[PDB]
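Dropping protein.cif in here (mmCIF, C-alpha atoms and all ligand atoms):
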```
data_query
#
loop_
_atom_site.group_PDB
_atom_site.id
_atom_site.type_symbol
_atom_site.label_atom_id
_atom_site.label_comp_id
_atom_site.auth_asym_id
_atom_site.auth_seq_id
_atom_site.Cartn_x
_atom_site.Cartn_y
_atom_site.Cartn_z
ATOM 1 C CA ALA A 1 0.000 0.000 0.000
ATOM 2 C CA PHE A 2 1.257 3.482 -0.920
ATOM 3 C CA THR A 3 3.185 5.443 1.723
ATOM 4 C CA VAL A 4 5.065 8.691 2.077
ATOM 5 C CA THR A 5 7.816 8.766 4.734
ATOM 6 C CA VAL A 6 10.052 11.420 6.176
ATOM 7 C CA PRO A 7 13.652 10.843 7.247
ATOM 8 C CA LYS A 8 13.260 13.904 9.469
ATOM 9 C CA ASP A 9 10.109 15.406 10.919
ATOM 10 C CA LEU A 10 11.844 18.376 12.531
ATOM 11 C CA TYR A 11 14.377 20.817 11.058
ATOM 12 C CA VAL A 12 16.137 23.579 13.048
ATOM 13 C CA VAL A 13 17.582 26.180 10.673
ATOM 14 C CA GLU A 14 19.295 29.573 10.884
ATOM 15 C CA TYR A 15 17.705 32.785 9.724
ATOM 16 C CA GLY A 16 19.327 33.727 6.424
ATOM 17 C CA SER A 17 20.430 30.242 5.342
ATOM 18 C CA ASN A 18 19.064 27.711 2.874
ATOM 19 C CA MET A 19 16.961 24.649 3.659
ATOM 20 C CA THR A 20 16.009 21.382 1.960
ATOM 21 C CA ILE A 21 13.254 19.286 3.559
ATOM 22 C CA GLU A 22 12.327 15.897 2.135
ATOM 23 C CA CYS A 23 9.506 13.415 1.494
ATOM 24 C CA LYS A 24 10.241 9.956 0.153
ATOM 25 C CA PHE A 25 7.824 7.891 -1.828
ATOM 26 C CA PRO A 26 8.251 4.529 -3.599
ATOM 27 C CA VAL A 27 9.266 4.285 -7.248
ATOM 28 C CA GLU A 28 10.075 0.783 -8.450
ATOM 29 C CA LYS A 29 13.355 1.469 -10.243
ATOM 30 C CA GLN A 30 11.614 4.013 -12.480
ATOM 31 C CA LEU A 31 9.356 7.016 -12.415
ATOM 32 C CA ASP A 32 6.105 7.461 -14.317
ATOM 33 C CA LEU A 33 6.195 11.243 -14.423
ATOM 34 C CA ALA A 34 2.793 11.665 -16.093
ATOM 35 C CA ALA A 35 1.030 10.150 -13.074
ATOM 36 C CA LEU A 36 2.983 12.072 -10.414
ATOM 37 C CA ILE A 37 1.638 14.951 -8.330
ATOM 38 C CA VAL A 38 3.680 16.724 -5.692
ATOM 39 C CA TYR A 39 2.162 19.564 -3.660
ATOM 40 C CA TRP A 40 3.808 21.377 -0.788
ATOM 41 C CA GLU A 41 2.221 23.869 1.569
ATOM 42 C CA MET A 42 2.637 25.538 4.969
ATOM 43 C CA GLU A 43 -0.398 26.941 6.812
ATOM 44 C CA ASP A 44 -2.392 26.784 3.595
ATOM 45 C CA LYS A 45 0.019 28.770 1.525
ATOM 46 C CA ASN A 46 0.895 26.930 -1.712
ATOM 47 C CA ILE A 47 4.661 26.587 -2.202
ATOM 48 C CA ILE A 48 4.930 24.346 -5.231
ATOM 49 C CA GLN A 49 2.616 22.168 -7.309
ATOM 50 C CA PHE A 50 4.393 19.728 -9.614
ATOM 51 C CA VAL A 51 1.902 18.177 -12.002
ATOM 52 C CA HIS A 52 2.325 16.549 -15.433
ATOM 53 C CA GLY A 53 6.060 16.626 -14.773
ATOM 54 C CA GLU A 54 6.420 20.432 -14.477
ATOM 55 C CA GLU A 55 6.164 23.140 -11.819
ATOM 56 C CA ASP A 56 3.068 25.385 -12.044
ATOM 57 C CA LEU A 57 4.160 28.824 -10.827
ATOM 58 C CA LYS A 58 0.741 30.479 -11.056
ATOM 59 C CA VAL A 59 -0.614 29.264 -7.764
ATOM 60 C CA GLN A 60 2.519 29.729 -5.629
ATOM 61 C CA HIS A 61 2.286 32.085 -2.655
ATOM 62 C CA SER A 62 3.936 35.472 -2.534
ATOM 63 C CA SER A 63 6.386 34.692 0.305
ATOM 64 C CA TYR A 64 7.814 31.891 -1.782
ATOM 65 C CA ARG A 65 8.231 33.295 -5.264
ATOM 66 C CA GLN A 66 11.716 32.434 -6.565
ATOM 67 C CA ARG A 67 12.778 31.380 -3.059
ATOM 68 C CA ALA A 68 11.261 27.903 -3.231
ATOM 69 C CA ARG A 69 11.880 25.132 -5.758
ATOM 70 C CA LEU A 70 11.516 21.382 -6.026
ATOM 71 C CA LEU A 71 14.741 19.468 -6.668
ATOM 72 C CA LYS A 72 13.685 17.648 -9.827
ATOM 73 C CA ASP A 73 16.862 15.607 -10.033
ATOM 74 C CA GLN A 74 15.810 13.712 -6.905
ATOM 75 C CA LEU A 75 12.383 12.645 -8.149
ATOM 76 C CA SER A 76 13.567 9.497 -9.911
ATOM 77 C CA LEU A 77 15.071 8.355 -6.611
ATOM 78 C CA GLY A 78 11.591 8.763 -5.064
ATOM 79 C CA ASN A 79 12.557 11.994 -3.318
ATOM 80 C CA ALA A 80 10.394 15.103 -3.450
ATOM 81 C CA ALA A 81 12.806 17.536 -1.861
ATOM 82 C CA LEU A 82 11.848 21.152 -1.258
ATOM 83 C CA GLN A 83 14.544 23.792 -1.285
ATOM 84 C CA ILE A 84 13.947 27.199 0.227
ATOM 85 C CA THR A 85 16.652 29.854 0.107
ATOM 86 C CA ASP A 86 17.094 32.777 2.557
ATOM 87 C CA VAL A 87 15.014 31.445 5.428
ATOM 88 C CA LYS A 88 12.900 34.014 7.291
ATOM 89 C CA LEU A 89 11.297 33.857 10.747
ATOM 90 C CA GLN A 90 7.930 33.517 9.014
ATOM 91 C CA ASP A 91 9.139 30.290 7.302
ATOM 92 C CA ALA A 92 8.815 28.497 10.638
ATOM 93 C CA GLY A 93 5.794 26.300 11.025
ATOM 94 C CA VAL A 94 4.348 22.987 9.916
ATOM 95 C CA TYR A 95 4.915 21.923 6.311
ATOM 96 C CA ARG A 96 2.976 19.170 4.548
ATOM 97 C CA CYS A 97 4.058 17.315 1.458
ATOM 98 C CA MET A 98 1.171 15.782 -0.480
ATOM 99 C CA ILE A 99 1.996 13.099 -3.032
ATOM 100 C CA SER A 100 -0.206 11.393 -5.601
ATOM 101 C CA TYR A 101 1.451 8.420 -7.347
ATOM 102 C CA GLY A 102 -1.149 5.724 -7.949
ATOM 103 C CA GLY A 103 -2.127 5.954 -4.305
ATOM 104 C CA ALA A 104 -1.977 9.172 -2.276
ATOM 105 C CA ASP A 105 -0.521 10.082 1.115
ATOM 106 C CA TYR A 106 0.864 13.093 2.886
ATOM 107 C CA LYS A 107 3.269 13.874 5.718
ATOM 108 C CA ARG A 108 4.004 16.769 8.084
ATOM 109 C CA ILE A 109 7.345 18.477 8.935
ATOM 110 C CA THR A 110 8.012 21.058 11.672
ATOM 111 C CA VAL A 111 10.512 23.861 10.944
ATOM 112 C CA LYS A 112 12.057 25.924 13.749
ATOM 113 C CA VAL A 113 14.053 29.059 12.924
ATOM 114 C CA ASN A 114 16.786 30.541 15.155
ATOM 115 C CA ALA A 115 17.305 34.214 14.531
ATOM 116 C CA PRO A 116 19.442 36.981 16.113
ATOM 117 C CA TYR A 117 17.931 39.909 17.968
ATOM 118 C CA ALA A 118 17.882 42.495 15.199
ATOM 119 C CA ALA A 119 15.946 40.109 12.954
ATOM 120 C CA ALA A 120 13.496 38.991 15.632
ATOM 121 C CA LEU A 121 12.810 42.620 16.510
ATOM 122 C CA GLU A 122 11.955 43.529 12.930
ATOM 123 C CA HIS A 123 9.520 40.616 12.849
ATOM 124 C CA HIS A 124 8.209 41.592 16.267
ATOM 125 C CA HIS A 125 6.631 44.686 14.664
ATOM 126 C CA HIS A 126 4.872 42.807 11.819
ATOM 127 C CA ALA B 1 -8.196 21.181 -14.378
ATOM 128 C CA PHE B 2 -9.431 19.017 -11.467
ATOM 129 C CA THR B 3 -11.065 20.886 -8.555
ATOM 130 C CA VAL B 4 -12.747 20.121 -5.245
ATOM 131 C CA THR B 5 -15.241 22.777 -4.131
ATOM 132 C CA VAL B 6 -17.235 23.321 -0.979
ATOM 133 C CA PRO B 7 -20.838 24.544 -1.075
ATOM 134 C CA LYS B 8 -20.213 25.972 2.380
ATOM 135 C CA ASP B 9 -16.908 26.628 4.133
ATOM 136 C CA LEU B 10 -18.489 27.272 7.569
ATOM 137 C CA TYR B 11 -20.899 25.164 9.645
ATOM 138 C CA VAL B 12 -22.393 26.208 13.011
ATOM 139 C CA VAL B 13 -23.815 23.171 14.862
ATOM 140 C CA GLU B 14 -25.320 22.204 18.215
ATOM 141 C CA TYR B 15 -23.699 19.916 20.742
ATOM 142 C CA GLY B 16 -25.542 16.637 20.647
ATOM 143 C CA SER B 17 -26.800 16.790 17.066
ATOM 144 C CA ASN B 18 -25.706 15.266 13.780
ATOM 145 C CA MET B 19 -23.655 16.947 11.098
ATOM 146 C CA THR B 20 -23.075 16.375 7.379
ATOM 147 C CA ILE B 21 -20.401 18.459 5.650
ATOM 148 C CA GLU B 22 -19.814 18.367 1.922
ATOM 149 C CA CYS B 23 -17.139 18.439 -0.796
ATOM 150 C CA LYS B 24 -17.965 18.283 -4.471
ATOM 151 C CA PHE B 25 -15.726 16.958 -7.156
ATOM 152 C CA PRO B 26 -16.377 16.346 -10.867
ATOM 153 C CA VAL B 27 -17.606 13.015 -12.210
ATOM 154 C CA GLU B 28 -18.052 12.508 -15.948
ATOM 155 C CA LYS B 29 -20.210 9.709 -17.299
ATOM 156 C CA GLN B 30 -20.072 6.827 -14.793
ATOM 157 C CA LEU B 31 -18.074 6.951 -11.559
ATOM 158 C CA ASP B 32 -14.889 4.872 -11.659
ATOM 159 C CA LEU B 33 -14.745 3.500 -8.138
ATOM 160 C CA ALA B 34 -11.381 1.756 -8.520
ATOM 161 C CA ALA B 35 -9.614 5.066 -9.105
ATOM 162 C CA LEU B 36 -11.308 7.050 -6.319
ATOM 163 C CA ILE B 37 -9.764 8.112 -3.008
ATOM 164 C CA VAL B 38 -11.582 10.210 -0.435
ATOM 165 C CA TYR B 39 -9.842 11.214 2.834
ATOM 166 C CA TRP B 40 -11.121 13.410 5.677
ATOM 167 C CA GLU B 41 -9.231 14.752 8.672
ATOM 168 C CA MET B 42 -9.397 17.363 11.406
ATOM 169 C CA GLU B 43 -6.241 18.568 13.212
ATOM 170 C CA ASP B 44 -4.251 15.636 11.864
ATOM 171 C CA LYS B 45 -6.690 12.996 13.076
ATOM 172 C CA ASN B 46 -7.958 10.540 10.422
ATOM 173 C CA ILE B 47 -11.757 10.451 10.249
ATOM 174 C CA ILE B 48 -12.280 8.271 7.204
ATOM 175 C CA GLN B 49 -10.297 6.962 4.267
ATOM 176 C CA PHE B 50 -12.258 5.477 1.399
ATOM 177 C CA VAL B 51 -10.039 3.684 -1.087
ATOM 178 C CA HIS B 52 -10.636 0.946 -3.680
ATOM 179 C CA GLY B 53 -14.301 1.501 -2.878
ATOM 180 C CA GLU B 54 -14.133 0.603 0.855
ATOM 181 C CA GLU B 55 -13.717 2.334 4.228
ATOM 182 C CA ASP B 56 -10.532 1.348 6.118
ATOM 183 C CA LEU B 57 -11.161 1.771 9.858
ATOM 184 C CA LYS B 58 -7.803 0.356 11.030
ATOM 185 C CA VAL B 59 -6.237 3.777 10.848
ATOM 186 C CA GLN B 60 -9.171 5.807 12.213
ATOM 187 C CA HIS B 61 -8.790 8.150 15.169
ATOM 188 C CA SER B 62 -10.499 6.797 18.254
ATOM 189 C CA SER B 63 -12.481 10.011 18.746
ATOM 190 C CA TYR B 64 -14.440 9.097 15.618
ATOM 191 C CA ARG B 65 -14.931 5.390 16.203
ATOM 192 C CA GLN B 66 -18.436 4.397 15.133
ATOM 193 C CA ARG B 67 -19.580 8.071 14.979
ATOM 194 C CA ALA B 68 -18.393 8.937 11.507
ATOM 195 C CA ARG B 69 -19.397 7.678 8.076
ATOM 196 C CA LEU B 70 -19.004 8.696 4.454
ATOM 197 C CA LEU B 71 -22.253 8.832 2.471
ATOM 198 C CA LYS B 72 -21.533 6.282 -0.257
ATOM 199 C CA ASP B 73 -24.798 6.959 -2.020
ATOM 200 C CA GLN B 74 -23.629 10.497 -2.851
ATOM 201 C CA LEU B 75 -20.292 9.576 -4.419
ATOM 202 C CA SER B 76 -21.533 8.968 -7.945
ATOM 203 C CA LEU B 77 -23.115 12.427 -7.827
ATOM 204 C CA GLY B 78 -19.612 13.801 -7.187
ATOM 205 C CA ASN B 79 -20.349 14.371 -3.509
ATOM 206 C CA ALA B 80 -18.069 13.265 -0.699
ATOM 207 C CA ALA B 81 -20.313 13.980 2.253
ATOM 208 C CA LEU B 82 -19.107 13.266 5.770
ATOM 209 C CA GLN B 83 -21.601 12.496 8.523
ATOM 210 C CA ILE B 84 -20.778 12.725 12.210
ATOM 211 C CA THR B 85 -23.363 11.761 14.802
ATOM 212 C CA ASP B 86 -23.558 13.165 18.354
ATOM 213 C CA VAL B 87 -21.279 16.146 17.866
ATOM 214 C CA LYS B 88 -18.978 17.049 20.744
ATOM 215 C CA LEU B 89 -17.115 20.230 21.678
ATOM 216 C CA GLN B 90 -13.918 18.583 20.517
ATOM 217 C CA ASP B 91 -15.315 18.209 16.976
ATOM 218 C CA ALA B 92 -14.969 21.961 16.411
ATOM 219 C CA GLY B 93 -12.108 23.012 14.175
ATOM 220 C CA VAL B 94 -10.883 22.944 10.584
ATOM 221 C CA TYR B 95 -11.682 19.898 8.506
ATOM 222 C CA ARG B 96 -10.016 19.066 5.193
ATOM 223 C CA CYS B 97 -11.447 16.820 2.517
ATOM 224 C CA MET B 98 -8.779 15.337 0.210
ATOM 225 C CA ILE B 99 -9.786 13.681 -3.080
ATOM 226 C CA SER B 100 -7.844 11.753 -5.696
ATOM 227 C CA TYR B 101 -9.725 11.076 -8.945
ATOM 228 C CA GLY B 102 -7.409 11.455 -11.917
ATOM 229 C CA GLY B 103 -6.190 14.779 -10.573
ATOM 230 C CA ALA B 104 -5.965 15.589 -6.860
ATOM 231 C CA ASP B 105 -7.181 18.499 -4.710
ATOM 232 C CA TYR B 106 -8.398 19.392 -1.230
ATOM 233 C CA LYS B 107 -10.587 21.926 0.580
ATOM 234 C CA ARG B 108 -11.035 23.313 4.068
ATOM 235 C CA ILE B 109 -14.186 23.631 6.172
ATOM 236 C CA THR B 110 -14.531 25.334 9.558
ATOM 237 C CA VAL B 111 -16.971 23.905 12.114
ATOM 238 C CA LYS B 112 -18.068 25.853 15.204
ATOM 239 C CA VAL B 113 -19.951 24.071 18.039
ATOM 240 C CA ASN B 114 -22.498 25.729 20.363
ATOM 241 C CA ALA B 115 -22.921 23.998 23.670
ATOM 242 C CA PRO B 116 -24.800 24.741 26.914
ATOM 243 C CA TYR B 117 -23.025 25.377 30.219
ATOM 244 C CA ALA B 118 -23.103 21.863 31.643
ATOM 245 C CA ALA B 119 -21.406 20.517 28.517
ATOM 246 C CA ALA B 120 -18.795 23.246 28.264
ATOM 247 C CA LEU B 121 -17.933 22.849 31.930
ATOM 248 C CA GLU B 122 -17.284 19.122 31.671
ATOM 249 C CA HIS B 123 -15.007 19.877 28.731
ATOM 250 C CA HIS B 124 -13.427 22.728 30.687
ATOM 251 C CA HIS B 125 -11.866 20.217 33.087
ATOM 252 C CA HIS B 126 -10.979 17.282 30.730
HETATM 253 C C1 LIG A 201 -2.413 13.120 -0.040
HETATM 254 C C2 LIG A 201 -3.783 12.866 -0.592
HETATM 255 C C3 LIG A 201 -4.619 11.935 0.030
HETATM 256 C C4 LIG A 201 -4.112 11.129 1.101
HETATM 257 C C5 LIG A 201 -4.564 11.053 2.254
HETATM 258 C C6 LIG A 201 -4.337 10.040 3.284
HETATM 259 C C7 LIG A 201 -3.650 10.492 4.411
HETATM 260 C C8 LIG A 201 -3.320 9.665 5.458
HETATM 261 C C9 LIG A 201 -2.573 10.247 6.635
HETATM 262 N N1 LIG A 201 -1.122 10.205 6.537
HETATM 263 C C10 LIG A 201 -0.463 10.050 7.834
HETATM 264 C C11 LIG A 201 -0.095 11.439 8.371
HETATM 265 C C12 LIG A 201 0.814 9.242 7.601
HETATM 266 O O1 LIG A 201 0.605 8.343 6.520
HETATM 267 C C13 LIG A 201 -1.308 9.298 8.870
HETATM 268 O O2 LIG A 201 -1.496 9.924 9.938
HETATM 269 O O3 LIG A 201 -1.788 8.164 8.609
HETATM 270 C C14 LIG A 201 -3.764 8.346 5.408
HETATM 271 C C15 LIG A 201 -4.476 7.876 4.301
HETATM 272 C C16 LIG A 201 -4.709 8.693 3.196
HETATM 273 C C17 LIG A 201 -5.592 8.230 2.054
HETATM 274 F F1 LIG A 201 -5.617 6.918 1.795
HETATM 275 F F2 LIG A 201 -6.883 8.401 2.326
HETATM 276 F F3 LIG A 201 -5.443 8.964 0.948
HETATM 277 C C18 LIG A 201 -5.917 11.737 -0.412
HETATM 278 C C19 LIG A 201 -6.389 12.437 -1.492
HETATM 279 C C20 LIG A 201 -5.602 13.415 -2.055
HETATM 280 C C21 LIG A 201 -4.307 13.656 -1.597
HETATM 281 C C22 LIG A 201 -3.584 14.701 -2.369
HETATM 282 C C23 LIG A 201 -2.302 14.513 -2.904
HETATM 283 C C24 LIG A 201 -1.719 15.476 -3.713
HETATM 284 C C25 LIG A 201 -2.377 16.681 -3.924
HETATM 285 C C26 LIG A 201 -3.646 16.874 -3.421
HETATM 286 C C27 LIG A 201 -4.248 15.885 -2.666
HETATM 287 O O4 LIG A 201 -4.323 18.065 -3.580
HETATM 288 C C28 LIG A 201 -3.502 19.177 -4.000
HETATM 289 C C29 LIG A 201 -2.640 18.753 -5.106
HETATM 290 O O5 LIG A 201 -1.799 17.641 -4.734
#
```
What would the structure in this file look like if it were written as structure tokens?
Amino acid sequence: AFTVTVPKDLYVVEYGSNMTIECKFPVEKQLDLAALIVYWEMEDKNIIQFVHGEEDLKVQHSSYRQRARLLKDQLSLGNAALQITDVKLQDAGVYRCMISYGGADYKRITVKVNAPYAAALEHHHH
Amino acid sequence: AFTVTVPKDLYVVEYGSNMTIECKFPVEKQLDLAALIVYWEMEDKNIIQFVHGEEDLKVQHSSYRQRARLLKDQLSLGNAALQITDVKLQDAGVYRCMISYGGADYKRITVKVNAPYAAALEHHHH
């Protein structure tokens, strides 16, 4: 039966750095790209939608535009990996990766963000 | 493009009563049951999972045990309707209905629950 798994369910990252969080799913030697759907979101903001083997940019959230991409190279290994550059305090929260490949499943990932005072203060008046 | 829609995105219900919330999805011609997946959850608890045309209760949250059913009659109309009997204060919150049928999509529904004092008080301690 179809199942998504996470190697890690918690990431602790530094304000200003780059992050890759991952969802694994089974591919039996070889990917059928036509049938694959990958959707990632955080608190109901869309981050990427990979359908018919291509990213759809239209429905991506503001926060994420050209900061967030799916590492397409990994897909044939059964790895939907999300890369986000220049982490902000507001990137902290619970992420879900939703995968349709025959079956469907999803998983959740918690992101914590450490930040120095000047950064936390700017966010404190948001 | 495949889309799930909600006729209503907010329900206000009374403690002790029965609730049916709804999610529409497109069905052309005849319904293909083999391909259909319907999943409902609230705050990461599984409520029902209908796959290969059958409910799988093994994975159900114990809150919902024998209170929750999917109206199977409605499916061929393109309606995934969830019924919960004997609504409790703890059933208030955000529900998501997730559907795979060719494409995949989800929607969100908020349920509020009115309750009298005696009920709220018992919940206030437990
Ligand atoms: C993920 C999914 C599902 C899966 C849900 C699900 C979930 C869990 C629950 N997962 C865990 C947490 C661990 O495994 C558990 O706590 O158990 C268990 C069982 C199932 C099932 F069988 F019902 F599907 C159902 C329909 C659609 C989608 C879906 C996929 C891709 C999408 C999309 C929707 O819409 C936007 C575009 O991209």
Check which residues fall inside 6 Å of ligand LIG 201 (chain A) when counting all atoms listed in the file, and print them as a list in words.
->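 These are the residues that qualify: residues 37, 38, 39, 98, 99, 100, 104, 105, 106 and 107 of chain A; 37, 38, 39, 49, 98, 99, 100, 104, 105 and 106 of chain B.
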Polymer residues at most 8 Å from (10.3, 31.0, 0.1) by all atoms listed in the file, as a list in words |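 Every residue inside that radius is included here: residues 47, 63, 64, 65, 66, 67, 68, 84, 85, 86, 87 and 91 of chain A.
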Which residues, written as a ChimeraX atom specification, have at least one atom at most 12 Å from residue 31 of chain A, with all atoms listed in the file counted and residues fewer than 2 positions away on the same chain left out?
-> /A:25-29,33-37,53,72-79,101-102
Care to translate the PyMOL selection byres (((chain B and resi 11) around 9) and not hetatm) into actual residues of this file, as a list in words?
-> residues 8, 9, 10, 12, 13, 19, 21, 109, 110, 111, 112 and 113 of chain B
Take the residues just selected and output them with C-alpha atoms as a short mmCIF file (atom, residue, chain, number, x, y, z; two decimals), in the coordinates of the input.
```
data_model
loop_
_atom_site.label_atom_id
_atom_site.label_comp_id
_atom_site.auth_asym_id
_atom_site.auth_seq_id
_atom_site.Cartn_x
_atom_site.Cartn_y
_atom_site.Cartn_z
CA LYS B 8 -20.21 25.97 2.38
CA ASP B 9 -16.91 26.63 4.13
CA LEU B 10 -18.49 27.27 7.57
CA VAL B 12 -22.39 26.21 13.01
CA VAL B 13 -23.82 23.17 14.86
CA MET B 19 -23.66 16.95 11.10
CA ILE B 21 -20.40 18.46 5.65
CA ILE B 109 -14.19 23.63 6.17
CA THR B 110 -14.53 25.33 9.56
CA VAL B 111 -16.97 23.90 12.11
CA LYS B 112 -18.07 25.85 15.20
CA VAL B 113 -19.95 24.07 18.04
#
```
By how many Å are atom CA of residue 48 of chain B and atom CA of residue 20 of chain B apart?
->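 Between atom CA of residue 48 of chain B and atom CA of residue 20 of chain B the gap is 13.5 Å.
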Pick from B:46, B:117, B:123, B:96 nearest to residue 5 of chain B, counting only C-alpha atoms |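 Checking each candidate against residue 5 of chain B, we get B:96 as the closest.
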